[PDB]
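Novice: Return atomic coordinates for the entry below.
(chains A, B, C, D, E, F, G, H, I and J, ligands or ions: 29)
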Amino acid sequence: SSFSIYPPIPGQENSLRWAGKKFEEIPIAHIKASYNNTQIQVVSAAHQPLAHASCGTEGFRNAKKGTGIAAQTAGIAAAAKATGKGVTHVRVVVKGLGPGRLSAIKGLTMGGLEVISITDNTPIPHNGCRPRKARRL
Amino acid sequence: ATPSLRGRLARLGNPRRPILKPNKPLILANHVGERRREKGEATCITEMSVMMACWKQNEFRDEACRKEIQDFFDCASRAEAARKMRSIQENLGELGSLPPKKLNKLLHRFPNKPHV
Amino acid sequence: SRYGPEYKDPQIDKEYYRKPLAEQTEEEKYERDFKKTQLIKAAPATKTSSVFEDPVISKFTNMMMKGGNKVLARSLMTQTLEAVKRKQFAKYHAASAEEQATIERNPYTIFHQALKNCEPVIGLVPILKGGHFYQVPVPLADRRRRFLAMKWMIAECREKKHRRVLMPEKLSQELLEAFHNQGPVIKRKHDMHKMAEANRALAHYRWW
Amino acid sequence: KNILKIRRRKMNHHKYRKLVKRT
Amino acid sequence: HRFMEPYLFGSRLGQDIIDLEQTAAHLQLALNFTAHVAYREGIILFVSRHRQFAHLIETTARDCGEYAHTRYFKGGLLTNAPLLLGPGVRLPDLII
Amino acid sequence: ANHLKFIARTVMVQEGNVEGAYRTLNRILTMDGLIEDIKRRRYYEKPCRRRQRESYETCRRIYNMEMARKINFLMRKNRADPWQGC
Amino acid sequence: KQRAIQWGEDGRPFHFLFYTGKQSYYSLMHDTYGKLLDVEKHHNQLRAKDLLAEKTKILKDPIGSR
RNA sequence: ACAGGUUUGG
RNA sequence: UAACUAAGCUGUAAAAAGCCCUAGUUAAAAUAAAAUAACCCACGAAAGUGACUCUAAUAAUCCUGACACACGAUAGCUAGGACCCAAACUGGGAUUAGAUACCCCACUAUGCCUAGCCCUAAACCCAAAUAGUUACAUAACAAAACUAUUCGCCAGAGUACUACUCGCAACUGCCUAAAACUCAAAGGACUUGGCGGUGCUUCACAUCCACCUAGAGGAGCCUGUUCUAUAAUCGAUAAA
RNA sequence: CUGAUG
Ligand SMILES: [Mg+2]
Ligand SMILES: [Mg+2]
Ligand SMILES: [Mg+2]
Ligand SMILES: [Mg+2]
Ligand SMILES: [Mg+2]
Ligand SMILES: [Mg+2]
Ligand SMILES: [Mg+2]
Ligand SMILES: [Mg+2]
Ligand SMILES: [Mg+2]
Ligand SMILES: [Mg+2]
Ligand SMILES: [Mg+2]
Ligand SMILES: [Mg+2]
Ligand SMILES: [Mg+2]
Ligand SMILES: [Mg+2]
Ligand SMILES: [Mg+2]
Ligand SMILES: [Mg+2]
Ligand SMILES: [Mg+2]
Ligand SMILES: [Mg+2]
Ligand SMILES: [Mg+2]
Ligand SMILES: [Mg+2]
Ligand SMILES: [Mg+2]
Ligand SMILES: [Mg+2]
Ligand SMILES: [Mg+2]
Ligand SMILES: [Mg+2]
Ligand SMILES: [Mg+2]
Ligand SMILES: [Mg+2]
Ligand SMILES: [Mg+2]
Ligand SMILES: [Mg+2]
Ligand SMILES: [Mg+2]
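Specialist: Numbers count the residues shown, from 1 in each chain, chains lettered A, B, ... in the order given. Ligands and ions are numbered 1, 2, ... in the order given. Next comes the structure:
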């Protein structure tokens, strides 16, 4: 049982299949987890969006969509709208450190989606644009 | 390893600018800080999952599947016994970790000597 | 509080002493229990060495008793057992020879089986985390489960009956329903199990 | 401590600046 | 300790070595001063706080007829003696 | 952006285990220092505070390392006292 | 009543642990430790000579001795 | 200057 | 800036305001800045400097030494250019009795480059430079106590980083810098209480929760209070 | 979350 946590780079001759497809054909699920909202959007391998569901579109409100239950419901709805189009496996791309980070991830499994690759793509500026000032002066 | 300390503080013999600005004098105290309510994790989660699987599959009845009901109780009893026996075994022994109540008495036997 | 720390619990079982030679491991502790000059508390007025009484029946009568009127709860339990026995005898005499080999008539057995059927498995504990209370599913002890199973039945027979229906008459039907697992106590137990299964995702919040 | 005299000089300089702005 | 440089002979790879010549000279002087006190009926108290030979020191003091002290040394023992020991006591004439 | 996709900060699950893979990915970022870096870059800090934070962290690390070293050096003397009652 | 005379007319204390604060308690501790060392050496000699003629007198359950 | 009084809970 | 998807996005402890030419993904110049390495301590006289490469280059066969000469962070000024992002000011939305503040949104000067000024900092390592010592020696704390040659300062505190002068591309400025008057104090460290709307730990066997029993808040009555009403008691009137 | 004075 030789299992490597490294992703199956297309440059190699590895044979890893999910539902008959290769790792390059598996759809993507972008989960932008901000500090006040968690958006989930499902796109195909050709960068074509399939399903879109956010904590705001789930019927929540200002402080209600910041909790983890809102991200879990958003993930359930996204998984439902994705399975409505016939998808099996997905690659989760997490963006931003928010409270609904793991909730939106487990929401897809609770709504019926198989998570195979969790990629953390968080924007880390190499001292680029100057961010806002500090609070509690 | 331990980071270097030469040429860090502000002294008369140091010709460069001091690098480290200590809030308090870097003297090793004779008593460690008390651990902020060392906690533990739950138990028998995997045994409860396979137990509730019977309820979700057979429509919430215990007469259908039984071993998933007995192993759960066995895990609960073993956890209840380990919560009471280890709470004394680990406080009597010192193989692994130890509370600060003993670290303080261990350090006071061989304290630091700031003077002389 | 009048019993100091040196007072231990009594031992009412006569058979525990009627065979002291048949074993050595039990003799080893019984030969020192008195040689240590250990003081023993007084035998309770509700518990005796009678072979027809049961600690489960005693606990249920104590939980049913309101205030301090003990004879009222005793008579209620007697009437309940009598009604159960007579209804089972009626069902036995109104059945055929095939159902006679399956229908039981033991009131103690029916009561204990009903309690075992109504005994829950896992409960819910409110844990405060992040300023909110979450109902974490937690395994309960045997005494906790039995106490909940008895209290649910007692509360249902107290509040969910009619003024014309008596407590023994209502409990005689509740026990027969709990024996066949078709009663509101089993319904409440299944509701508890469903609410625990719906919250099992919060099991990582428990610390014991 | 020394913040007494520091704040004293601060208040004096602030009053001087306000006087300059007024006149 | 800084006051051991004149009483040390050298250092063999970190471990210091004591000069046994001066050791024996000081030991001769110490034993002479100890014998004279015991001859002149002097109270000799072996004070030594070390939990390895506390039994040996007490046995030596018992066999010598002199007094020993290897337990927790109290604060006002020798100073506040008229309150710790008794009304009027006789302090040890020699401490070892 | 210009680098290849699904290579940097990627963890492959095994047998559909999601929680363990997420904990592994999180430990990766904590050991690499990205979690604290993002939590610090959320709001801009001035160099007057940056130097102070660096000095504080250096002193804290030095003190913790010295305490751990002395604890590991004195752990031998934790055994039962063989000279009790002397 | 109070404590008896500790030192004679010459001033020399009678007991050998008078300068310890508890000339009775510390003497008892010393005698107990001496008997313990003697018993330890006796048991070691017995183990070396392959002789086990003693028993464990610690279980005082039927006696009730505290 | 052979000095003393005077700040402060001290 | 273009293409697909959705009616929502940002926003706080909670909201509102703002934007719905909005939001996510795929691509995308110009400008600003330069993650980890850094637990490193080097360079430079100091301020200062750590995204990469190239050219030039970092004085004194080496004492101290100005009011002379030359530099001198951010902030400010002038002219030209740039403007992603942050933001003085300003306009709104919260909270407060009030908030022209801390909280949220938009936006400007400004932060960015060249040329020319202004020459200020807790410019603090509050410890001057040059060659050394561990001798005597703890006011307190702090970075232990000191030698020989020097440079520049120090005469109670407030008045006072003030006015009057001189000089300065500076003109609400900078350097130098008093006096009248008021008081017998003004100051640094320390010891102990008190306090803290800054912290950490501890347990309560009717106690906080996990939990058990019986009660008040629903009806009437009694009784005691706070109120209206009279010429018509009073005290108590948070745990207590 | 906020709460002024003696
Ligand atoms: Mg400090
Ligand atoms: Mg401290
Ligand atoms: Mg003034
Ligand atoms: Mg004073
Ligand atoms: Mg609005
Ligand atoms: Mg542009
Ligand atoms: Mg950079
Ligand atoms: Mg230098
Ligand atoms: Mg040079
Ligand atoms: Mg020169
Ligand atoms: Mg602009
Ligand atoms: Mg902006
Ligand atoms: Mg405004
Ligand atoms: Mg500028
Ligand atoms: Mg400048
Ligand atoms: Mg500076
Ligand atoms: Mg200065
Ligand atoms: Mg002192
Ligand atoms: Mg000079
Ligand atoms: Mg003056
Ligand atoms: Mg100035
Ligand atoms: Mg001026
Ligand atoms: Mg209570
Ligand atoms: Mg009543
Ligand atoms: Mg009422
Ligand atoms: Mg009333
Ligand atoms: Mg009254
Ligand atoms: Mg009154
Ligand atoms: Mg009064």
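Novice: show me what contacts the residue of chain E found nearest chain A?
Specialist: At 48.2 Å from chain A, residue E:14 is the closest residue in chain E, using Cβ to the nearest Cβ. Just so you know, the C-beta spots here come from the backbone N, C-alpha and C atoms, and that holds for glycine as well. Taking Cβ atoms under 8 Å, 6 or more residues apart in numbering or on different chains, we find residue E:14 in contact with no residue.
Novice: And residue C:32, by the same measure?
Specialist: So residue C:32 contacts G:61-62 (Cβ under 8 Å, 6+ apart).
Novice: For my notes, confirm it occurs in a helix.
Specialist: Yes. Assigned with DSSP: H, G, I helix; E, B strand; the rest coil, residue C:32 falls within a helix.
Novice: what's the distance between it and residue G:58?
Specialist: According to Cβ to Cβ, to the nearest Å, residue C:32 stands 15 Å off from residue G:58.
Novice: Quick one: list the elements packing against the longest helix seen in chain F.
Specialist: The residue-count maximum for a helix in chain F (DSSP state H) belongs to helix F:47-74. Under the contact criterion of 3 or more Cβ pairs under 8 Å, 6 or more residues apart in numbering or on different chains; DSSP states H and E, helix F:47-74 touches helix B:100-109.
Novice: and the gap between residue E:34 and chain C?
Specialist: 57 Å (Cβ to the nearest Cβ, to the nearest Å).
Novice: which ones are touching that residue?
Specialist: Residue E:34 sits in contact with E:44, E:94, E:96, where contact means Cβ under 8 Å, 6+ apart.
Novice: Which of these are buried, as a ChimeraX select command?
Specialist: Typed into ChimeraX, the line below selects the buried ones among these, using 16 or more other Cβ atoms under 10 Å in any protein chain shown:
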select /E:44,94
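Novice: Among the contacts of residue E:34, find me the one that's closest to residue D:19.
Specialist: residue E:96 (82.2 Å; Cβ to Cβ).
Novice: From what I see, the closest one and residue E:46 are in contact.
Specialist: Yes. Using Cβ atoms under 8 Å, residue E:96 is in contact with residue E:46, at 4.8 Å.
Novice: Residue C:203 is in contact with residue C:136, isn't it?
Specialist: Yes. Counting by Cβ under 8 Å, residue C:203 does reach residue C:136; the two are 6.5 Å apart.
Novice: Of those two, which one has the most company?
Specialist: Just comparing residue C:203 and residue C:136: by other Cβ atoms under 10 Å in any protein chain shown the higher neighbour count belongs to residue C:136, 21 against 17.
Novice: Phi, psi for that one please.
Specialist: Residue C:136 adopts backbone torsions of phi -80, psi 130, taken as degrees, to the nearest 10.
Novice: Kindly report the same for residue F:16.
Specialist: Backbone torsions for residue F:16, taken as degrees, to the nearest 10, come to phi 70, psi 10.
Novice: ok, now how distant is it from residue C:91?
Specialist: In terms of Cβ to Cβ, residue F:16 sits 52 Å off from residue C:91.
Novice: of those two, who's got more company?
Specialist: Ranked by neighbour count (other Cβ under 10 Å), residue F:16 and residue C:91 place residue C:91 first, with 14 against 10.
Novice: Now chain F against chain G: closest residue?
Specialist: residue F:85 (5.1 Å).
Novice: same check, this time on chain A
Specialist: Closest point on chain A to chain G, by Cβ to the nearest Cβ, is residue A:1, at 53.4 Å.
Novice: How many residues are close by that residue?
Specialist: 4.
Novice: for residue C:174, same thing?
Specialist: Residue crowding around residue C:174 was assessed by other Cβ under 10 Å; the count is 23.
Novice: swap in residue B:7?
Specialist: Using other Cβ under 10 Å, residue B:7 is surrounded by 14 other residues.
Novice: Go ahead and confirm the residue of chain F closest to chain G touches residue G:35.
Specialist: No. With contact defined as Cβ under 8 Å, residue F:85 does not count as touching residue G:35 (11.2 Å).
Novice: for chain B, what spans make up the helices?
Specialist: B:45-57, B:67-92, B:100-109.
Novice: Relative to chain A, how far out is the residue positioned nearest the centre of chain G?
Specialist: Of all residues in chain G, the one closest to the mean position by Cα atoms, centre = their mean is residue G:32, 2.1 Å from it. To chain A, residue G:32 is 63 Å away according to Cβ to the nearest Cβ.
Novice: Give me the neighbour count for residue F:26.
Specialist: 17.
Novice: For the closest residue to it other than its chain neighbours, what is the enclosing helix or strand?
Specialist: Of all residues not flanking residue F:26 in the chain, residue F:35 sits nearest, at 7.6 Å (Cβ to Cβ, 6 or more residues apart in numbering or on different chains). Assessed by DSSP states H and E, residue F:35 sits inside helix F:34-41.
Novice: which other residues reach that helix?
Specialist: A:97, A:122, A:124-125, A:131, F:26, F:29-30.
Novice: Stretch F:52-70 too?
Specialist: For stretch F:52-70, using Cβ under 8 Å, 6+ apart, the contacting residues are B:1-3, B:5, B:19-23, B:26, B:28, B:32, B:107, F:45.
Novice: which ones are touching whatever residue of chain D ends up closest to chain F?
Specialist: Distance from chain F to each residue of chain D (Cβ to the nearest Cβ) is smallest for residue D:6, at 18.3 Å. For residue D:6, the contact set (Cβ under 8 Å, 6+ apart) is empty.
Novice: what's the offset of the host helix or strand of it from the middle of its chain?
Specialist: If you go by DSSP H and E, residue D:6 is part of helix D:2-22. Offset of helix D:2-22 from its chain centre (Cα atoms, centre = their mean, to the nearest Å): 0 Å.
Novice: which residues does residue E:88 contact?
Specialist: Counting by Cβ under 8 Å, 6+ apart, residue E:88 makes contact with residue E:82.
Novice: what's the nearest residue to residue A:84 if we skip its chain neighbours?
Specialist: residue A:51 (7.6 Å).
Novice: Then residue A:89?
Specialist: Excluding its sequence neighbours, the residue lying closest to residue A:89 (Cβ to Cβ, 6+ apart) is residue A:18, at 4.3 Å.
Novice: any idea how far that neighbour lies from residue A:116?
Specialist: Distance of residue A:18 to residue A:116, given as Cβ to Cβ: 6 Å.
Novice: Out of the contacts of residue E:34, list just those in strands.
Specialist: E:44, E:94 (DSSP state E).
Novice: Using TSV, please lay out the contacts of residue E:34 together with distance to residue B:63.
Specialist: Formatted as TSV, these follow (distance: Cβ to Cβ, whole Å):
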residue	distance to residue B:63
E:44	89
E:94	91
E:96	86
